[PDB]
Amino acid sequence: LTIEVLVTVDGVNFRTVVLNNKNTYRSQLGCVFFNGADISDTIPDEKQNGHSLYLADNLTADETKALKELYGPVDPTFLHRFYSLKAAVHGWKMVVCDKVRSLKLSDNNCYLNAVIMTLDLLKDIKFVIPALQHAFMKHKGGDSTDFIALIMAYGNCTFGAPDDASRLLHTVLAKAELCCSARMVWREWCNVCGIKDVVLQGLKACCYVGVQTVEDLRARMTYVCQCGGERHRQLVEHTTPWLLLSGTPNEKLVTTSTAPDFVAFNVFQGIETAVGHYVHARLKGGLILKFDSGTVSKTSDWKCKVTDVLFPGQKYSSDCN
């Protein structure tokens, strides 16, 4: 017997391949996926004539190029790994408590919940890799399975295993781009040796790892100079649409009574002897809204180990320092 199928790697371009029913899909084409399931070792099963197949191996020159333009430069196990994740995360629930989406707790995915909910608050954000954008747009439309699977694929997350939210958030942002002007100017100087300016722009200006408050970010750093004197590092200019600050689990008392400038923050929970639980939290109304994967809580004060903290747009100059 003989059947003919449609073969794609992107869902846009298709080629027709004629297959017999003696050999396996593996020996005839390569690693093929049909509606989620891997069928590489199976014999072309009669009734599946004229169906679309997603290929992962033995890509043609045209397929390799289109694969690169859509996903960017990825390792050759990326597709199999991405398709497997799409099928695995299909039974995951997004719940919307008062018009805010959150990922339900399933198979240690609370780190993803923190990643997604933090990404939702970032404005003027665009992904340079086309496949991420299409999935990002789908996610914003209510269909988030592609985005989750891609984030796990690019982050090299395995299904079922716990992971780091900050780690994943920074790796995802590396693939993103800002739609407006951002500027960050650091000043390194010595009273004898002179002045040096370091300028960052784009998402580079909007992200910082080391400090978790804006007062600490603007503070002056001092160490020994080449000349034997003193060197100083301090922020001079800062113009952003928003500011994300990150650090390791750092215990802080968070209070609404002081009216904090930050909009939201992530929290690592559980003792260091048994690690793997994240919580997203937003400041809305006069309260702290705690999002523990589906469930929602409210407190005015909270002593917690904060990791990532998101601030509004900065517009600052070092006031006569």
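Sequential numbering from 1, following the sequence displayed.
Which is higher in the entry, the mean Cα B factor of 269 to 277 or that of 48 to 56?
Between 269 to 277 and 48 to 56, it is 269 to 277 that shows the higher mean C-alpha B-factor.
Looking only at CA atoms, which has the higher mean B factor in the entry: 192 to 200 or 145 to 153?
Comparing 192 to 200 with 145 to 153, the higher mean C-alpha B-factor belongs to 192 to 200.
By the CA temperature factor listed in this entry, which of these ranks top: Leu243, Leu178, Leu85, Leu79?
Among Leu243, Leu178, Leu85, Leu79, the highest C-alpha B-factor in the entry belongs to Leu178.
Which of these, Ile125, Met117, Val95, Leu173, has its C-alpha atom at the highest B-factor, as the entry lists it?
It is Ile125.
By the recorded C-alpha temperature factor, relative to the other modelled residues in its chain, which third is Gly247 in?
According to the entry, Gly247 has a C-alpha B-factor in the chain's lowest third.
Sorting by Cα B-factor within the chain, modelled residues only, which third would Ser300 end up in: lowest, middle or highest?
Highest third.
Sort the modelled residues of this chain by their C-alpha B factor and say whether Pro162 lands in the lowest, middle or highest third.
Middle third of the chain for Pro162's C-alpha B-factor.
According to the PDB entry, is the CA B factor of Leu253 in the bottom, middle or top third of its chain, that is, lowest, middle or highest?
It falls in the top third of the chain.
Going by the CA temperature factor in the PDB record, which third of the chain does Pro73 belong to: lowest, middle or highest?
Tercile = lowest for this residue's CA B-factor.
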